[PDB]
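Q: Structure incoming, see below.
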Amino acid sequence: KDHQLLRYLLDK
Amino acid sequence: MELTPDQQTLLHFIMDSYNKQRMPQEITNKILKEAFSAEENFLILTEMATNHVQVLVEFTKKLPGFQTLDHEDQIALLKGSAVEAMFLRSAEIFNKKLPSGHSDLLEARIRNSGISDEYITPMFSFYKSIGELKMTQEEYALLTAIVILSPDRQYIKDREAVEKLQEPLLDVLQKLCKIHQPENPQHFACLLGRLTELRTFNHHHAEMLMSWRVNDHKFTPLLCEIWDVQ
Ligand SMILES: COc1ccc(-c2nc3ccccc3n2[C@H](C(=O)Nc2c(C)cccc2C)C2CCCCC2)c(OC)c1
């Protein structure tokens, strides 16, 4: 959950 | 010497991806139009930085071979480069040619934005050094890509995989420096020299944000993830 938004934008 | 058909393809692809960013005029017209309070300027900064990070993730994903990298390393590259890319883009925008008196007003308006004095001199020192290099759009685009694909980033598991992706971009940039500035054969080294200076802004970025002359320092959840604030 540390880079949740970043992981989401990277995967998408 | 001359670029190969593969390198031209690489260059044009990086250019098209780089051109998806918010136009320099959008930022400079707002600053030059009217003087804002430190509070209004902190909000302008925060929205500018949120849009920058979003567009940066999209530019980063298009970088040849980036999607083939380990997912944890992909996050580490994005996190390690976001602030440096932001300062490189601000340096580019700061140096865009404007009508007589405009760049002097832009500089004075950035000086009185709310940022602490301590951070004004190293920020403008970097902007003016970038400016003297008379960089083309292609050089800014390639240099941004090189900053993102830095193998020497902390928490990088597979440094070699990142190195393989950065090497073709360095080769293209070197050829471009030899073509754009043949009189200055130190130009490529000069450009890599600027990259080493960009890294210093990483260290005191959080303090230059928290020293802003505002009562409350509100950041978006995306900015908190990338800037390690709140
Ligand atoms: C952390 O402290 C600062 C202080 C000032 C700047 C800054 N240097 C600029 C040089 C030219 C043009 C505008 C410039 N900015 C701000 C801006 O929008 N930066 C920007 C961002 C954030 C993303 C993408 C692109 C840019 C340009 C204005 C924010 C609102 C108050 C006035 C400065 C800065 O940028 C990295 C960081």
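Identifiers in this document derive from the order of the structure tokens: chains are assigned A, B, ..., residues are numbered from 1 separately in each chain, and ligands are numbered from 1 in order of occurrence.
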Taking only residues of chain A that have an atom at most 12 Å from an atom of region 39-56 of chain B, what is each one's shortest atom pair and its distance in Å to one decimal, using only C-alpha atoms, in chain and number order, as JSON lines?
A:
```
{"residue": "A:5", "atom": "CA", "partner": "B:54", "partner_atom": "CA", "distance": 10.4}
{"residue": "A:6", "atom": "CA", "partner": "B:54", "partner_atom": "CA", "distance": 9.3}
{"residue": "A:8", "atom": "CA", "partner": "B:54", "partner_atom": "CA", "distance": 11.5}
{"residue": "A:9", "atom": "CA", "partner": "B:54", "partner_atom": "CA", "distance": 8.0}
{"residue": "A:10", "atom": "CA", "partner": "B:54", "partner_atom": "CA", "distance": 10.1}
```
Q: Go ahead and write the residues just picked, N, CA, C and O atoms, as a short mmCIF file (atom, residue, chain, number, x, y, z; two decimals), in the first residue's frame.
A:
```
data_model
loop_
_atom_site.label_atom_id
_atom_site.label_comp_id
_atom_site.auth_asym_id
_atom_site.auth_seq_id
_atom_site.Cartn_x
_atom_site.Cartn_y
_atom_site.Cartn_z
N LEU A 5 -1.22 4.25 -5.39
CA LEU A 5 -1.63 5.10 -6.52
C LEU A 5 -0.63 4.99 -7.67
O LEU A 5 -1.05 4.93 -8.83
N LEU A 6 0.67 4.92 -7.34
CA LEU A 6 1.74 4.77 -8.31
C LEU A 6 1.68 3.42 -9.00
O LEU A 6 1.77 3.38 -10.23
N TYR A 8 -0.99 1.52 -9.26
CA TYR A 8 -2.22 1.57 -10.06
C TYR A 8 -2.01 2.25 -11.43
O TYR A 8 -2.38 1.69 -12.45
N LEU A 9 -1.45 3.48 -11.43
CA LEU A 9 -1.16 4.23 -12.66
C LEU A 9 -0.18 3.49 -13.59
O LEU A 9 -0.35 3.56 -14.81
N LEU A 10 0.80 2.77 -13.02
CA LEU A 10 1.79 1.97 -13.75
C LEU A 10 1.16 0.73 -14.39
O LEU A 10 1.52 0.39 -15.52
#
```
Q: May I ask you to extract the residues of chain B within 8 Å of chain A, using only C-alpha atoms, and to give them as a VMD selection string?
A: chain B and resid 57 61 74 to 75 221 to 222 225 to 226
Q: For the residues in that selection, give me N, CA, C and O atoms as a tab-separated table (two decimals), in the first residue's frame.
A:
```tsv
chain	number	residue	atom	x	y	z
B	57	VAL	N	4.16	9.60	-15.60
B	57	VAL	CA	3.88	8.16	-15.56
B	57	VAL	C	3.55	7.67	-16.98
B	57	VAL	O	4.12	6.66	-17.41
B	61	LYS	N	5.87	5.04	-19.13
B	61	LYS	CA	5.29	3.79	-19.62
B	61	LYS	C	5.58	3.58	-21.11
B	61	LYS	O	5.75	2.44	-21.54
B	74	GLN	N	10.18	-0.67	-11.48
B	74	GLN	CA	9.41	0.33	-12.23
B	74	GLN	C	8.95	1.44	-11.28
B	74	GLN	O	9.04	2.62	-11.63
B	75	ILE	N	8.47	1.06	-10.08
B	75	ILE	CA	8.02	2.00	-9.05
B	75	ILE	C	9.22	2.80	-8.53
B	75	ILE	O	9.12	4.02	-8.41
B	221	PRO	N	-3.20	12.97	-2.42
B	221	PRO	CA	-2.67	11.63	-2.09
B	221	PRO	C	-1.57	11.16	-3.05
B	221	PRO	O	-0.64	10.49	-2.61
B	222	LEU	N	-1.64	11.55	-4.34
B	222	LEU	CA	-0.63	11.20	-5.33
B	222	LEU	C	0.72	11.87	-5.02
B	222	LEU	O	1.76	11.20	-5.10
B	225	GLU	N	2.60	10.26	-2.07
B	225	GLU	CA	3.26	9.01	-2.47
B	225	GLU	C	4.60	9.25	-3.12
B	225	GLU	O	5.54	8.49	-2.89
B	226	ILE	N	4.69	10.29	-3.97
B	226	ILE	CA	5.88	10.59	-4.75
B	226	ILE	C	6.88	11.55	-4.07
B	226	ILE	O	8.08	11.48	-4.34
```
Q: As a list in words, please: the residues near region 76-81 of chain B (cut-off 8 Å, only C-alpha atoms, same-chain neighbours under 4 positions excluded).
A: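 Those residues are residues 57, 60, 72, 85, 147, 148, 149, 150, 153, 154, 155, 156 and 226 of chain B.
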Q: Step one, run DSSP on the backbone; step two, keep only residues of region 25-229 of chain B assigned to helix (DSSP H, G or I); then write them as a PyMOL selection string.
A: chain B and resi 25-33+38-62+66-68+71-94+102-111+117-132+137-148+159-180+187-198+200-210+221-227
Q: Quick one: distance from CA of residue 141 (chain B) to CA of residue 223 (chain B) in Å, one decimal?
A: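 Going from CA of residue 141 (chain B) over to CA of residue 223 (chain B), I get 22.8 Å.
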Q: Identify, counting only C-alpha atoms and all ligand atoms, the protein, DNA and RNA residues located within 9 Å of ligand 1, and give them as a count of residues only.
A: 58
Q: Could you tell me how far CA of residue 145 (chain B) sits from CA of residue 29 (chain B), in Å to one decimal place?
A: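 The value is 27.0 Å.
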Q: Quick one: distance from CA of residue 202 (chain B) to CA of residue 164 (chain B) in Å, one decimal?
A: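 Between CA of residue 202 (chain B) and CA of residue 164 (chain B) the gap works out to 24.6 Å.
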Q: Counting only C-alpha atoms, what is within 12 Å of residue 6 (chain B), bar same-chain residues fewer than 4 positions away, as an MDAnalysis selection string?
A: chainID B and resid 2 10:13 168:169 171:172
Q: Please produce a file of the residues just selected, as a tab-separated table (two decimals), in the first residue's frame, where the atoms kept are N, CA and C atoms.
A:
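Dumped to again04.tsv:
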```tsv
chain	number	residue	atom	x	y	z
B	2	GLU	N	26.29	10.79	-37.63
B	2	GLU	CA	24.87	10.79	-38.07
B	2	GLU	C	24.00	9.75	-37.36
B	10	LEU	N	13.52	6.16	-32.70
B	10	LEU	CA	13.55	6.32	-31.25
B	10	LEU	C	13.33	7.78	-30.85
B	11	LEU	N	14.07	8.70	-31.48
B	11	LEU	CA	14.00	10.14	-31.25
B	11	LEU	C	12.60	10.71	-31.49
B	12	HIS	N	11.98	10.39	-32.65
B	12	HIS	CA	10.65	10.89	-32.99
B	12	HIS	C	9.59	10.35	-32.06
B	13	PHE	N	9.75	9.11	-31.58
B	13	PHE	CA	8.83	8.47	-30.65
B	13	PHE	C	8.91	9.14	-29.26
B	168	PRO	N	20.85	3.20	-25.19
B	168	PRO	CA	20.48	3.75	-26.52
B	168	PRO	C	20.07	5.22	-26.50
B	169	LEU	N	19.49	5.70	-25.39
B	169	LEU	CA	19.10	7.11	-25.24
B	169	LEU	C	20.32	8.01	-25.08
B	171	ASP	N	23.35	7.30	-26.31
B	171	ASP	CA	23.95	7.26	-27.65
B	171	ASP	C	23.29	8.27	-28.61
B	172	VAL	N	21.95	8.34	-28.61
B	172	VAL	CA	21.18	9.31	-29.42
B	172	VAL	C	21.50	10.75	-28.99
```
Q: Measuring atom to atom with only C-alpha atoms, identify which of B:35, B:214, B:198, B:133 is nearest to residue 184 (chain B).
A: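 With only C-alpha atoms as the atom set, the closest residue is B:133.
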